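Notes to accompany the following structure.
Protein chains: 2
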Amino acid sequence: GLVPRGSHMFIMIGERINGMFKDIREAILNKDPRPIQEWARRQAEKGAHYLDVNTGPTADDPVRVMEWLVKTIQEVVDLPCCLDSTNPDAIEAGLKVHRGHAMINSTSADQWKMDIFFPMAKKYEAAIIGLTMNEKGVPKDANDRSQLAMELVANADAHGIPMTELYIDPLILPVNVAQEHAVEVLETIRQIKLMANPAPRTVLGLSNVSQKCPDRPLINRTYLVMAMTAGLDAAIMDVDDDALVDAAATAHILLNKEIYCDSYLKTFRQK
Amino acid sequence: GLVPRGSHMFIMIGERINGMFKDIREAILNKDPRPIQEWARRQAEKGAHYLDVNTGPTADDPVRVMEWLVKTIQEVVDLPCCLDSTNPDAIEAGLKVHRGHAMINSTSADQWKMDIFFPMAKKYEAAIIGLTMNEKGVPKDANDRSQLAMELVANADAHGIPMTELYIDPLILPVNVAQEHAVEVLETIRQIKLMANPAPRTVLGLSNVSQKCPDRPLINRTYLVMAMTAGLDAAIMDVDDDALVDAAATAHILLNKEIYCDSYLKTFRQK
Ligand SMILES: CN1c2c(nc(N)[nH]c2=O)NC[C@@H]1CNc1ccc(C(=O)N[C@@H](CCC(=O)O)C(=O)O)cc1
Ligand SMILES: CN1c2c(nc(N)[nH]c2=O)NC[C@@H]1CNc1ccc(C(=O)N[C@@H](CCC(=O)O)C(=O)O)cc1
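Protein chains in written order, with this note's numbering: chain H, 498 to 768; chain V, 498 to 768.
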């Protein structure tokens, strides 16, 4: 049921160095390491366990862009990177220059993607996010999402990837246009936690639940709490949002995964 | 699983007219209807579906106190009362003067209490809260709480009480002294929702999760969201806390129990 079997700390993956944001896009254009390194530091300070790294749209060679991002981040910060790209060569390139164990974001449930990405994760000893979806699209029901989760689990195992290295992403969509999905995603999280011992982990790009909605911060933090209750292990999230991190810390306590103390908000942040 | 079978609006029971609070205690002493009527109005305005009514400690006759509270409330407000007392004569007295259908708070799983209170609820057509506990104390595990829930369900049914009239209370305790209970309560909520068709409802005195803890509002609203995810139907709560009601409204939307709109915070409040 909802009593968590594990005590593992919740994994916060800072979402902010992503070329979708103008300041990151322009730093990449100008090859200016300053905005990159500032955001790496700010997120580290706020307590991120990993830093997401996404080139964004570029006409530049994604391989060079990724190597660059990864090295300039890890120069000023000791944190592993969550390498976020649809380009396997870009991912492998970041992995070759990465210090420590990385996370790969992501592979789909498409067979040819699994076939490429899983070997990469084993070879480099990286964690890997599988998304529940394939070229037929992202499913609606929890039952259809769970079916793709099982397929991801099977392939991961067959490539010799430990379940503690595998993070399944149910794909949260915005509540305004997508509303009915948010509860199906919650149930999928619950089901994934059942699929093996030890169980696969679970992750969400969290901010997607609110994209283009009126009070983003309130919706984001409400849903993170719901997802954590359902069994969520990790989120790509804005770690710069103090209210959001406050909510996660409070939920982690109420879940009995860390011993309560009056200082728990501060303690949660230092891990 | 976590996809709710029903669309019912979340039931907010205003906690504030309770003799534990000095201003209420003194209004009762002086027989001053003003503070009572102000709090009835404020809570109604904030969107409460019921108003909790608790005499608090008194050397006065609880029967007279209760009749008085109930009449002075319902004079200025059209809302039903949730009659909160350990004294069955006080409860029956409020029920005789009550306009509309009341709620009784509460009976324990003690046989002699069930034997007294259930007939009262059927006779007066009142909803009734059962608490999961008896003279052996409040159980620790969800499994032990659920066992008392089943016993409450059985007695309610045997008295001809519909499950839609029955609200089972798992008994939340403060996270500072009680921390391990909060997750057991969540699992109990989940289990209760399984025990019949239609299912019994569930309720928490919510503010108990934070009593004598440092940031009460944050802990209260985090846990309400978790409990709603688990299937919570109703809470005795501070409806005057706008952040708390904002959180519940957001969770209700994310649960798909009401159709999303940009105005949903306001819409949730008008029911
Ligand atoms: C698809 N999301 C996602 C993922 N990875 C996984 N595994 N799952 C996911 O759902 N990586 C990318 C993204 C998560 N990251 C983000 C990052 C930013 C914003 C965001 O809110 N963008 C701002 C940009 C502001 C600007 O352009 O200046 C926005 O308001 O749109 C959302 C999600
Ligand atoms: C035991 N709680 C409870 C219930 N009913 C049910 N079914 N379940 C419950 O757990 N009724 C009473 C109470 C819920 N109501 C309340 C009301 C106020 C406070 C509270 O926080 N009290 C303030 C009082 C401040 C003052 O005295 O001025 C406090 O800070 O202690 C807690 C719970």
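Don't be surprised by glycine CBs; every beta carbon is placed ideally from N, CA and C.
1) List the residues of chain H whose Cβ lies closer than 7 angstroms to the Cβ of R687 of chain V, in chain order.
2) The alpha helix (DSSP H) spanning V672 of chain V covers which residue range?
3) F507 of chain H: which of H:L741, H:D759 and H:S760 sits nearest, CA to CA?
4) Leaving out the 5 sequence neighbours to the left and right, which residues in its chain are closer than 7 angstroms to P554 of chain H when beta-carbon positions are compared?
5) Since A653 of chain H contacts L663 of chain H with CB under 8 angstroms, what's their CB separation in whole angstroms?
6) Between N673 of chain V and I588 of chain H, what straight-line distance do the alpha-carbon atoms span, to the nearest angstrom?
7) Whole angstroms is fine: what's the gap from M563 of chain V's alpha carbon to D743 of chain H's?
8) By the criterion of Cβ-Cβ separation under 9 angstroms, what are the contact partners of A748 of chain V in chain H?
9) Please determine, among H:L628, H:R538 and H:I613, the residue with the shortest C-alpha to C-alpha distance to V650 of chain H.
10) Less than 7 angstroms separating the Cβ of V736 of chain H from some heavy atom of ligand 1?
11) List, in chain order, every chain V residue whose beta-carbon is nearer than 7 angstroms to that of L715 of chain H.
12) Just mark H678 of chain H as buried or exposed, buried being the case when its beta carbon has 16 or more other beta carbons within 10 Å.
13) Have a look at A590 of chain V and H505 of chain V and give me their C-alpha separation to the nearest angstrom.
14) In terms of DSSP beta bridges, what is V567 of chain V paired with?
15) Can you give me the start and stop residues for the beta strand (DSSP E) that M611 of chain H sits inside?
16) Using a Cβ cut-off of 8 angstroms, pull out every chain V residue sitting near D738 of chain H, in sequence order please.
17) Which same chain residues end up closer than 6 angstroms to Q571 of chain H when comparing Cβ atoms and leaving out the 5 residues on each side of it in sequence?
18) Check whether the Cβ of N705 of chain H lies closer than 8 angstroms to any Cβ atom in chain V.
19) Give the residues of chain H in contact with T726 of chain V, contact being defined as C-beta atoms less than 8 angstroms apart.
20) Which ranges does the alpha helix (DSSP H) cover as unbroken runs of at least 4 residues, wholly within the stretch 634-668 of chain V, from first to last along the chain?
21) Is it the case that the Cβ atoms of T685 of chain V and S643 of chain V are separated by a distance below 8 angstroms?
22) Does ligand 2 have a heavy atom nearer than 7 angstroms to the CB of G634 of chain H?
23) Taking 8 angstroms as the CB-CB limit, is residue 491 of chain H close to chain V?
24) Who are the near neighbours of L752 of chain V in its chain, counting only those whose CB is closer than 8 angstroms to its CB and skipping five residues on each side?
25) So which residues of chain H does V700 of chain V contact, with C-beta pairs closer than 7 angstroms?
26) If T569 of chain V and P530 of chain V are in contact, beta carbons under 8 angstroms, what's the gap, nearest whole angstrom?
27) Examine chain V for any beta-carbon lying closer than 8 angstroms to the beta-carbon of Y621 of chain H, and answer yes or no.
28) Please list the partners that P711 of chain H has in chain V, where partner means a Cβ-to-Cβ separation under 7 angstroms.
29) In terms of residues, what are the limits of the alpha helix (DSSP H) holding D586 of chain V?
30) Taking only beta-carbon atoms, is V672 of chain V less than 8 angstroms away from chain H?
31) Out of H:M611, H:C578 and H:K619, which has the shortest C-alpha to C-alpha gap to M600 of chain H?
32) With which residues is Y547 of chain V paired in a DSSP beta bridge?
33) Could you tell me the distance, in whole angstroms, from the CA atom of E542 of chain H to the CA atom of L703 of chain H?
34) Pull up the distance between the alpha-carbon of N631 of chain H and that of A606 of chain H, whole angstroms please.
35) Does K610 of chain H pass the burial test, meaning 16 or more other C-beta atoms within 10 Å, or should it be called exposed?
36) Find the residues of chain V that neighbour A639 of chain H, judging by a C-beta separation of less than 8 angstroms, and give them in chain order.
With the given structure in hand:
1) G498 and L499
2) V672 to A675
3) H:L741
4) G516
5) 5 angstroms
6) 45 angstroms
7) 41 angstroms
8) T719, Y720, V722 and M723
9) H:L628
10) no
11) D743 and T747
12) buried
13) 30 angstroms
14) Paired residues: none, contrary to the question.
15) Element bounds for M611 of chain H: not the beta strand (DSSP E) but the alpha helix (DSSP H), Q608 to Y621.
16) Per Cβ cutoff of 8 angstroms: no residues; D738 of chain H is ~14 angstroms from chain V at best.
17) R596
18) no
19) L683, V722, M723, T726 and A727
20) 639-655
21) yes
22) no
23) Any answer about residue 491 of chain H is impossible in this case: the structure gives chain H only from 498 up to 768.
24) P501, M725 and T726
25) Ordered by position in chain H, no residue passes the 7 angstroms Cβ test against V700 of chain V, which lies about 18 angstroms from the chain.
26) 4 angstroms
27) no
28) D759
29) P585 to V594
30) yes
31) H:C578
32) V:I510
33) 20 angstroms
34) 5 angstroms
35) buried
36) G498 and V500
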